[PDB]
Amino acid sequence: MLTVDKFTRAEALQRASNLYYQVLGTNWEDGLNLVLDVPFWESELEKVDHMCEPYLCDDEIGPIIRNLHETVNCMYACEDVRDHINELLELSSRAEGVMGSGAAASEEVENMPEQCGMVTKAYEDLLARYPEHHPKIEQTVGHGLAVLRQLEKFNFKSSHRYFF
Amino acid sequence: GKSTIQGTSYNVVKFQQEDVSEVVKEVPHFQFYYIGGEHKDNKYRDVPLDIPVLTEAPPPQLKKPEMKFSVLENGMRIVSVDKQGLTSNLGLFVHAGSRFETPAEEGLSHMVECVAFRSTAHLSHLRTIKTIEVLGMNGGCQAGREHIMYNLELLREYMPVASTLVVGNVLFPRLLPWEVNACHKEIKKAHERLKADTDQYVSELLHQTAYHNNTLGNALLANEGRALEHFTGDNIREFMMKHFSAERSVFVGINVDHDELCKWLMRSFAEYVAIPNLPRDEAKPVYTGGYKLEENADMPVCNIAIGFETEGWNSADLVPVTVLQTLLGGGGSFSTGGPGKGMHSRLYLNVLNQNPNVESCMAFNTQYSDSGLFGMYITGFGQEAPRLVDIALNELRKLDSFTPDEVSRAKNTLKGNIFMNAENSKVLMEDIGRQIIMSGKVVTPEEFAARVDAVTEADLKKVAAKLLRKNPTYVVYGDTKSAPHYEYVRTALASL
Amino acid sequence: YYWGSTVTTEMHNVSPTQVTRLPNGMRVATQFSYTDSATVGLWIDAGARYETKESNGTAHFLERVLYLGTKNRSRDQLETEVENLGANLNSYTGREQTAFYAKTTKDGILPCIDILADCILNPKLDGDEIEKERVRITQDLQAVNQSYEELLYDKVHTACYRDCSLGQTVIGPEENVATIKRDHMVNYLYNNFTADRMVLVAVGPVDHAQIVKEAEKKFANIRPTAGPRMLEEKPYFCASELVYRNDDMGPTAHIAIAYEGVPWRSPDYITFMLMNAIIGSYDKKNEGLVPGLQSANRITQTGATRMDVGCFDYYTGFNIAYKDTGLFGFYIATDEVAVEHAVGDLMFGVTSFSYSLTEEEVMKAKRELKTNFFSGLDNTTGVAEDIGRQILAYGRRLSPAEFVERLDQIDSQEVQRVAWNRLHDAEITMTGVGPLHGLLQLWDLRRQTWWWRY
Amino acid sequence: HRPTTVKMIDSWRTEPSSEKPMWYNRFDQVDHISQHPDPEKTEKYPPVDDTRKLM
Amino acid sequence: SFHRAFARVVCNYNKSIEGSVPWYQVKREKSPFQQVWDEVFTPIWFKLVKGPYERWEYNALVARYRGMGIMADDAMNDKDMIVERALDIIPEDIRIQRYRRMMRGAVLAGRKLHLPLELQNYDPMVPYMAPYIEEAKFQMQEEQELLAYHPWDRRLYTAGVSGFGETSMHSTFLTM
Amino acid sequence: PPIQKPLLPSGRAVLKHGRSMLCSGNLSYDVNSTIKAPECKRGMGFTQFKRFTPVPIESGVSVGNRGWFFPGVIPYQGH
Amino acid sequence: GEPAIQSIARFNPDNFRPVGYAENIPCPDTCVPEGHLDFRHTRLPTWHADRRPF
Ligand SMILES: CCCCCCCCCCCCCCCCCC(=O)OC[C@H](COP(=O)([O-])OCC(O)COP(=O)([O-])OC[C@@H](COC(=O)CCCCCCCCCCCCCCCCC)OC(=O)CCCCCCCCCCCCCCCCC)OC(=O)CCCCCCCCCCCCCCCCC
Ligand SMILES: CCCCCCCCCCCCCCCCCC(=O)OC[C@H](COP(=O)([O-])OCC(O)COP(=O)([O-])OC[C@@H](COC(=O)CCCCCCCCCCCCCCCCC)OC(=O)CCCCCCCCCCCCCCCCC)OC(=O)CCCCCCCCCCCCCCCCC
Ligand SMILES: CCCCCCCCCCCCCCCCCC(=O)OC[C@H](COP(=O)([O-])OCC(O)COP(=O)([O-])OC[C@@H](COC(=O)CCCCCCCCCCCCCCCCC)OC(=O)CCCCCCCCCCCCCCCCC)OC(=O)CCCCCCCCCCCCCCCCC
Ligand SMILES: CCCCCCCCCCCCCCCCCC(=O)OC[C@H](COP(=O)([O-])OCC(O)COP(=O)([O-])OC[C@@H](COC(=O)CCCCCCCCCCCCCCCCC)OC(=O)CCCCCCCCCCCCCCCCC)OC(=O)CCCCCCCCCCCCCCCCC
Ligand SMILES: CCCCCCCCCCCCCCCCCC(=O)OC[C@H](COP(=O)([O-])OCC[N+](C)(C)C)OC(=O)CCCCCCCCCCCCCCCCC
Ligand SMILES: CCCCCCCCCCCCCCCCCC(=O)OC[C@H](COP(=O)([O-])OCC[N+](C)(C)C)OC(=O)CCCCCCCCCCCCCCCCC
Ligand SMILES: COC1=C(OC)C(=O)C(C/C=C(\C)CC/C=C(\C)CC/C=C(\C)CC/C=C(\C)CC/C=C(\C)CC/C=C(\C)CC/C=C(\C)CCC=C(C)C)=C(C)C1=O
């Protein structure tokens, strides 16, 4: 990164830890939270990586960096899958028509079960890929599947744990 | 096996006529110009190296390497081994070294090396060397006493290009007058390189003295005086027509698929005629012994070598004499070797540990097709020369008997050296090419290990006795003002 | 610009490196190869950096005396046993890493593990051996007995890292060498040679399970761990000059110029490897197939033309990485009167990375970087060094395929971004030996890191 | 050499020499340069007395 | 960034014309309009203007060469780089006579004399330099392509050379 | 990953004249070997600076001659 | 059927000379053809007077 600022390791540790908890504590389910904050996270994350570069082997800063990077990886992955689910739900809503009356109802999704099969497969991949972020995955993608399950009857492993 | 050549069976590769359009599809893809491009940010710019980034790697396919032998219809033999490494080592060996020169042809073998990778029928000098450079390949040519080698080291995906460039040196080189005249510079550089390596320079003095003015005594390097008269494209072409032929050439490839290597080599000779094979005068070396005292005013140290003739690589004494070299071993003060690095060889125990004035003592052993040299090389300060020779002579008189422990240690160290030297690919390439040129056969490292285990003390005594009956060759280099005379050495060894 | 992927099917056809952590914390890494010879050793995280100022030089002393007898064996018995196996015990000690390995035949793999374990765990640091080695080390310590490349390598660290232990030399100061005793070495063994810092690397016709079983048996009594290393700030790079002006050592002058580099695990490390390859190396006495006047390397080509004679008798780039810092620069050996042209040309070349680097030069450099790296992995000892050094540096071994994948992403634009951020208008350190009237002040050379043009 | 330039380009209107030689394209080829005739020892054309009789 | 878009356009275009046959190597038939022009203008123009003018100039040139006793290829100036590179490689026997002819010509021209008519019966348009001019052009084209395909950056006004490309020291006014 | 070889490849034959893989000793530590591991008298690391070309440096030897001068002739102002 | 090395050797540029080179190219023996004035005609008689004073 192009910068002339200098930070001590104590300052670098504080910045990295603050960003790590800011991302993990944020509610990823609300789309607007990621839209508004991600631009701020990226700017900070660029600074944190630059100042923490000499401490990637440090016994304290090192683990924080690995968790921070892993959390950002999971945030983008969960957002992408849940973003697709939102599109499917929005398509279903518009197919209802005006006032849910069908007055100007649009064309329905003809391959809804296929989409449900595709989304659930992606959901399983997240769980295997990010074993330490299940609470966040269930918050965004797991809850999204439950909403879809109301529209269409499909089977996924955790369906019974969502009262289905 | 479809053809047996000089004791080895090869698979015959048939020439095939292929349209140039079809082959062009198979040439490796590369560019010299990058006129524009599609911009793409480094996706791993924020990923530390400790985090793996590659996923879904195909499972590896491991095969035990095996040496395979093939031959073209023009008579060029192809030997390759695929160790599944990522860098190839292509080598072209031609049975035309300095030993085949007549006195009027002095230095022509070295001249051929100097004009290597110059203009060919289908490529310019500049285009050849820029292609080698852009593709990240290294290599060169080296002319020896019995063979001349062209070698390239490259990423294996570019093998089709490299094989073509090497072959062009012997298929259709344009020995243009002005290009050849630009190679006169290399003669002075070659002398400087040789004289810098004191061990090699003394080795050349040995061979010139050991074989007086005949095959193995011909100077390796051309002189820069009267030899330049025939340093001409026409003279070089006449020399190549005498000796360079597909029947005397072997192509060696390490870490290359054999079928691909054979296919591309076949396509290179498909529509062209190689130099025809003609009989040549092949005379056995004449060993005379003798001595030479070469002063080097700058050096204060004295390098002494005493050598004896050996029957050579094709004899049954190859392994016993090699075991004798490891038993005596040697070493030097310069280095401080740890365990297993010759600290208990006979020369190290009997010379270096007991004579603080000895700077270094070693046993050398050069092997060629039908002759070789074995002896001791000892160095020290100039004024010490009379004592250095006495030490060397005393060791030569102790080769009458060997203890069982020494024989076993020598055999085990030799086997370790064989296996450890083999794992180097450039070494394996040069070993295979030299063996086929010398003998027409390849003895694998494991087969040499079996021979080493069969060497007994009786064999060592017999081989040593034969060596000591030859007229010694006595070379002194550096500060020679105190060395003993040749007759002193001969009388000392006359008793044996 | 992106020109495609250079990964091939052959890159995937390599035996996997299996790494397991023993209960004590020692990592055991092995790769099978179809060879009749093997290399087994212990790559330990230790070195001069982790020594204190008073004890500097103990690690080097220990390395030299470790193989000179053990409690169970003797120097003659140990040397005899290794020779009977047809093997050779080797070792080295650096600022941050140390290794004790044996090149052996197939039958000697397990016997060599025993010998190496005995030397590391039960060293018999006899006083007589120590005193003889003190004489040898003292002679080695003399500058007259060191090469000029070795001197400059140490002086680059002394000048660049004045505030931290990386500035210490491995051999140590003569005052410490004079005073080191068995107790110093015994303490260093206890504190630094612990299981958590050791990796047992076996390359050859080896089975991972068998090596692991032998390792657990022979290294059972090793100290499991030592206290965590002190937490320290980023090593401060001091822009300084340390020049030994000697007009009584002949015509050649030796100069080394350094920039602050990057640590091993930096995302930019591979970019710095490529920049090191672009700088390349040249020798007037080994020009290669392409002459300097027609070289693709821009630094080499412009240099060869200077004054119709050439201003570089020898030069090489260097890229040195440590856990939290690195050094990037070039080393020159050139005629006295040529030094101003030589340093000016090699600095103009590094500054060009920030402004005008062609795709052609990058792509050539990628191929010659890959050739150097892959050819180094040809023999077992080359593989073993790679496994051990990488696991210590990264905690894992990067595959050839992964290295190529990451290198594919790096292009002229990426080199330009990294150079603009880190090397453009950057601070430099200059070090030298020999006749250096032509060498200018540090500030004058530090102004060549940026251009008025563009 | 001093700053210098050659017109080594790909014209849009003029063909290269390989395509259309501008010289009289009849040469004699030998195997070695020594096989060429020697002009000094070679008889030239018979001298003329009138400028209108020149070849 | 617009430069990135421009770079992609250049790359795609050039990739789409690789291996194109040069205009001169195409078998081209004249259009029905150029054929008419060649049928009418060209014959009359050759008969009345081009033919006579160019014969008049050519015959004068042959006479000038014969008066100096030189060949046409002698007249080439070695300030042209192709000529200089060709002259490096010409064989000695050709070189000796070329020098002698050129020296005689300058003496004749300087003293305002002409070669005796006894020595003028030769064809001055024999192309003896052609093999070497073609070799020199090949050598120069290889160097142009493999070594001069980009405007290179070098340190300026150092070692007697401007750094803008020339290779001889003190060969410009600003390098005195 | 670490680089274990100099940036300038040797390009020469590893084996010396007349010496084979069998009779060359151990190329890992033999004095005459061209690929022997250097001894770390002062420690590991300096091989990154080291010049592996065995020929000693000849200061000021010309490599920038394009054929414009004969050996021993001193150019004057480049001409 | 010629060895490629021999075939490419013939096409050396030194092996091509224009038809009629030996019968046309002038071979001057002097830069002063017969009939032209030179020092042998302008030398003054040996009995001449000193020309330095004038
Ligand atoms: C309301 C009004 C508004 C007006 C707005 C006007 C805006 C104008 C914007 C202009 C912007 C600037 C342009 C500058 C370009 C610079 C290019 C350059 O330097 O390139 C060097 C570059 C160097 O290349 P190189 O590789 O180093 O060398 C190439 C080799 O030499 C060999 O290359 P090769 O073998 O591949 O050949 C390529 C070929 C390619 O050639 C072409 O394609 C060019 C063709 C040009 C044809 C022009 C014909 C004009 C005819 C007008 C007819 C009017 C009819 C009216 C009818 C009325 C009916 C009622 O070239 C040739 O054959 C030779 C070219 C010779 C060029 C000579 C240059 C002279 C310039 C000055 C001339 C005028 C001054 C005297 C008169 C002034 C007073 C009147 O040259 C080239 O590549 C060739 C380019 C040649 C360009 C010439 C253009 C001339 C245009 C004249 C316009 C006249 C207008 C008249 C109007 C009349 C109306 C009634
Ligand atoms: C025929 C087929 C069809 C044809 C279709 C043609 C298609 C093209 C036309 C359409 C073009 C659309 C352009 C879209 C632009 C997008 C804009 C945008 O979103 O921004 C992203 C865009 C790119 O962002 P990025 O992705 O980060 O890339 C950065 C690079 O700039 C990226 O650039 P680069 O790296 O690629 O480098 C090239 C760079 C730079 O390229 C150049 O500058 C080309 C230079 C070539 C040499 C020119 C020599 C001079 C020639 C003069 C000729 C005069 C002839 C007159 C003839 C008269 C008689 C007829 O180009 C640009 O910066 C793009 C320019 C975009 C348009 C805005 C500027 C246009 C010129 C306006 C001039 C107005 C003059 C008024 C005069 C009034 C007189 C009274 O932002 C910019 O950089 C654009 C602005 C550039 C600076 C313009 C000047 C700004 C002035 C601000 C004044 C502030 C005053 C404050 C006062 C405060 C007092 C308290
Ligand atoms: C209605 C309103 C309208 C408004 C419109 C507004 C329009 C605004 C227009 C703005 C100006 C546009 C000018 C465009 C020109 C394009 C020419 C072209 O096609 O060039 C291709 C051409 C390439 O030709 P080539 O045949 O392919 O290869 C060339 C070589 O043979 C072999 O090439 P090579 O690549 O193999 O050789 C390597 C070497 C080749 O190097 C060269 O070619 C350099 C040649 C020597 C340059 C130095 C000459 C000596 C000094 C002359 C000045 C003396 C007095 C100065 C002080 C006076 C104080 C009272 O290349 C390099 O070194 C690459 C990097 C070069 C840049 C280095 C930067 C540091 C030095 C700074 C000076 C150079 C800056 C770039 C050029 C600027 C052009 C204007 O390149 C050049 O022309 C090179 C530049 C030479 C001209 C420099 C002129 C400087 C300004 C003088 C005052 C002018 C006043 C007159 C009016 C000005 C306005 C028009
Ligand atoms: C429709 C409207 C049209 C309008 C038309 C007008 C258009 C406007 C533009 C006109 C001007 C164009 C300028 C072109 C610049 C070219 C730059 C360049 O490439 O230079 C290198 C280039 C050499 O090429 P190269 O060899 O390839 O370069 C490689 C080497 O590195 C090169 O290096 P090199 O060393 O070999 O060559 C360098 C060369 C470059 O120089 C030149 O060749 C001359 C260039 C500049 C020309 C003069 C410009 C004058 C205009 C500005 C002044 C206007 C004042 C107005 C005031 C009004 C007030 C009311 O020589 C020098 O540098 C000599 C420097 C000598 C300085 C001596 C100073 C005195 C001693 C020191 C100080 C005093 C002592 C200390 C005292 C202390 C007291 C205590 O130069 C040339 O070859 C060209 C020279 C110029 C030829 C004529 C150009 C004609 C332009 C066409 C239009 C003409 C229209 C008709 C005009 C009629 C007027 C009455
Ligand atoms: C309406 C029509 C408008 C037409 C506009 C036309 C404008 C034409 C303007 C021409 C200006 C030319 C400037 C060239 C500068 C020198 C060449 C150069 O860049 O050299 C690179 C070279 C090469 O640099 P380098 O990049 O190799 O640097 C290597 C390392 N260092 C930086 C340490 C040298 O620079 C030099 O070596 C020269 C010294 C620096 C010169 C800096 C600029 C001088 C500015 C003068 C001050 C007074 C200005 C007053 C103006 C007032 C406003 C009117
Ligand atoms: C109803 C009647 C309709 C008539 C239509 C008009 C027809 C006229 C066509 C001829 C003139 C225009 C094309 C000239 C081509 C040669 C120039 C060229 O290629 O340059 C070489 C070089 C390009 O070289 P290069 O780098 O491509 O290399 C090619 C090199 N050779 C030729 C050797 C193969 O040009 C340049 O360097 C840049 C030129 C920039 C653009 C210049 C201006 C172009 C014209 C703009 C319009 C102005 C006139 C009209 C305005 C209104 C008038 C009232
Ligand atoms: C789609 O379902 C819905 C949601 O999702 C469930 C919502 O969340 C929400 C909550 C959202 C909000 C509060 C956001 C703000 C919403 C607003 C402002 C309302 C948006 C909805 C609308 C404006 C309704 C869309 C427009 C219409 C239905 C048109 C209304 C006019 C109508 C029906 C008149 C047309 C009548 C005809 C064409 C008949 C013509 C008669 C003849 C020709 C007879 C002629 C006779 C003779 C004699 C000649 C709503 C309101 C919703 O409807």
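Computed from heavy atoms alone, side chains included, the values below leave out hydrogens, waters and symmetry copies. Protein chains get the first letters and strands the later ones, always in sequence-line order, with residue 1 at the start of each.
One finds no salt bridge joining C:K366 and C:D408 here, because no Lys/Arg side-chain nitrogen approaches an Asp/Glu carboxylate oxygen to under 4.0 Å.
In this structure, chain E has a heavy atom under 4.5 Å from the side chain of C:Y1, while its backbone stays farther away. The contact between C:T358 and chain E is made entirely by side chain atoms (from C-beta outward), counting heavy-atom distances below 4.5 Å.
Using a 4.5 Å heavy-atom cutoff, the side chains of C:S356 and C:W451 are in contact.
Listed options C:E360, C:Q448, C:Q301 were ranked by heavy-atom pairs under 4.5 angstrom with chain E; first place goes to C:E360. Per-residue heavy-atom pair counts under 4.5 Å with chain C were compared for E:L146, E:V161, E:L147, and the maximum is reached by E:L147.
Taking a 6.0 Å sphere around CE of C:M307, one finds it holds 12 or fewer heavy atoms contributed by other residues, nucleotides or ligands.
Relative ring orientation between C:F312 and C:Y315 is described as tilted, the plane-to-plane angle lying within the 30° to 60° band.
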